[PDB]
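In what follows, a structure is listed as structure tokens, so that the remarks can point back to it.
A note on names: the letters A, B, ... follow the listed sequences, proteins ahead of strands, and every chain is numbered from 1.
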Protein chains: 2
Amino acid sequence: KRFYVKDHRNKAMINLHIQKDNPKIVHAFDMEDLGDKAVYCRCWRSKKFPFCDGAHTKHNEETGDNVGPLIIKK
Amino acid sequence: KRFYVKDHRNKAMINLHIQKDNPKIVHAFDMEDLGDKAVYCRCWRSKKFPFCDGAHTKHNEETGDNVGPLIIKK
Ligand code: FES
Ligand code: FES
């Protein structure tokens, strides 16, 4: 109780290591150049960023979070 | 120096409030149903999640991070 950190405005980064000389990491892709299916990372842990490589599973289990990727298909 | 938190494996959540009864938040969209352009949130702060609403600007300035959205267009 004395052990609980009260509700507060977040101070933690989401991205820790990806392209940190870019001050705002934006990606833009034309749907005609996409194949049948693209799986995009939303957790900033993928080694293949901006694509998902399953790293979100480790983030979620280690931090108790519930994030996952964005799928554009067809 | 005594003030610095050494390099360590992250313990902080990325998503703080979005759909927290879903244990892994995945979105999937068919490109034929997309219009000319979709801007997807990658920061988990948008009120219009999974779409970007510019909240990433506040996250970045408050935490010193550099994240931004994913654009699928054409
Ligand atoms: S690796 Fe980041 S959402 Fe899958
Ligand atoms: S609001 Fe999240 S990336 Fe823009």
Just checking B:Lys37: does its NZ atom have more than 12 heavy atoms from other residues, nucleotides or ligands closer to it than 6.0 angstrom? no

Got a sec: does the NZ of B:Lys58 have more than 12 other heavy atoms crowding it under 6.0 Å? no

Heavy-atom distances under 4.5 Å only: say whether [X] touches chain B with side chain, backbone, both or neither.
X	result
A:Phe29	both
A:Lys11	backbone
A:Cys52	neither
A:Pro69	both
A:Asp30	both
A:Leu16	side chain
A:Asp36	backbone

Give a yes or no on whether A:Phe49 and B:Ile72 share a hydrophobic cluster (residues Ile, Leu, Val, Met, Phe, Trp, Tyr; joining criterion: side-chain heavy atoms under 4.5 Å apart). no

Is B:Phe51 reachable from B:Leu70 through a run of hydrophobic residues whose side-chain heavy atoms are each under 4.5 Å from the next? yes

Given the options A:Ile18, A:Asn22, A:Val39, A:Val26, which has more heavy-atom pairs under 4.5 Å with chain B than any of the others? A:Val26

With no hydrogens and no angle check, just 3.5 Å: does a side-chain donor-acceptor pair link A:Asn15 and B:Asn66? yes

Measure across [X] and [Y] and return the closest heavy-atom pair with its distance rounded to 0.1 Å.
X	Y	value
A:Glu32	B:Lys73	OE1-O, 4.0 Å
B:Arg42	A:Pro50	NH1-CB, 3.8 Å
A:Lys24	B:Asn60	CG-ND2, 4.2 Å
A:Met31	B:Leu34	CE-CB, 3.9 Å

Could you grab the distance from atom CG of A:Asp65 to atom CD1 of B:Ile25, nearest 0.5 Å is fine? 7.5 Å

For the side chain to side chain contact (heavy atoms under 4.5 Å, CB included) test, which of A:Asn10, A:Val67, A:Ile14, A:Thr63 pairs with B:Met13? A:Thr63

